[PDB]
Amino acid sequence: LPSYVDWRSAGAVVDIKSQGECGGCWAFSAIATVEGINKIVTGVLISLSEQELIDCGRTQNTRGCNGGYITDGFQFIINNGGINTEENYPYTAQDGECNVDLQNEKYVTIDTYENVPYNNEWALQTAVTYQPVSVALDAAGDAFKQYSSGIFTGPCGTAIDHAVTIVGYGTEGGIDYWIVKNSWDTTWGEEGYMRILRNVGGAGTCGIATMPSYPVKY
């Protein structure tokens, strides 16, 4: 595997987005990795609609701004036969009525998704080498919420509550890290991104390695 991977150097990461007060992080994470794999196999980076997942993708315990699961975001794109763009179905940070004309207008498709073996940072590094991967972490603490710069080491638990996207990894000064794309605008962290301690064992720092998944497009 490479010593460093950064999907932003390959044109596979859309600029930082802002979810606001709506609890739609599951939709932001699912969309960022579908944007990623679409660029890798089709060669064109298109920004996609989180709002379509929030409005049209309600199922079981995925309930729009009320929270949900990354994999239900991928399963909506699979069952719908595709997803529309951010410009065609823009984000309102609201639970809204599914716009059926916009739901039927599809520009990007995926075929299936896979789960990375949980609590296995080596298998997670292998998957990130091929594409951005969706993860969730424990973002309930003030240290996480107030993060500004550096390689974050904690404190944080592992009972995850906030989905984000890993867009790379590297090492600086002998310290290994993951590069994380968050959805709290460019005013949080390193212009919207976080570097977080890698190779710590088990579930990873703030549980980042405990439930990774990614979309598959043949």
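Just count from 1 along the sequence shown to find any residue number.
Between 70-78 and 139-147, which has the larger average Cα B-factor in the PDB entry?
-> Averaged over C-alpha atoms, the B-factors run higher in 139-147.
Which has higher Cα B-factors on average according to the PDB entry: 128-136 or 93-101?
-> Mean B over CA atoms: larger for 93-101.
Taking the Cα B-factors listed in the entry, which of 36, 155, 43, 64 comes out highest?
-> Each of 36, 155, 43, 64 was compared by C-alpha B-factor; the highest is 155.
Highest Cα B-factor in the deposition, which of 9, 205, 210, 19?
-> Out of 9, 205, 210, 19, the record gives the largest C-alpha B-factor to 9.
B-factor third for the C-alpha atom of residue 196 within its chain = Within its chain, residue 196 is a middle-third residue by C-alpha B-factor, going by the deposited values.
Pull the Cα B-factor of residue 172 out of the PDB entry and bin it into the chain's lowest, middle or highest third.
-> Highest third - that is where residue 172 ends up once the chain's C-alpha B-factors are sorted.
So where's residue 50 on the chain's Cα temperature factor ranking, which third?
-> CA B-factor rank for residue 50: lowest third.
Going by the entry, which third of its chain does the Cα temperature factor of residue 87 land in?
-> Middle third - that is where residue 87 ends up once the chain's C-alpha B-factors are sorted.
Select lowest, middle or highest to describe the third in which the CA B-factor of residue 111 falls within its chain in this entry.
-> Its C-alpha B-factor belongs to the middle third of this chain's values.
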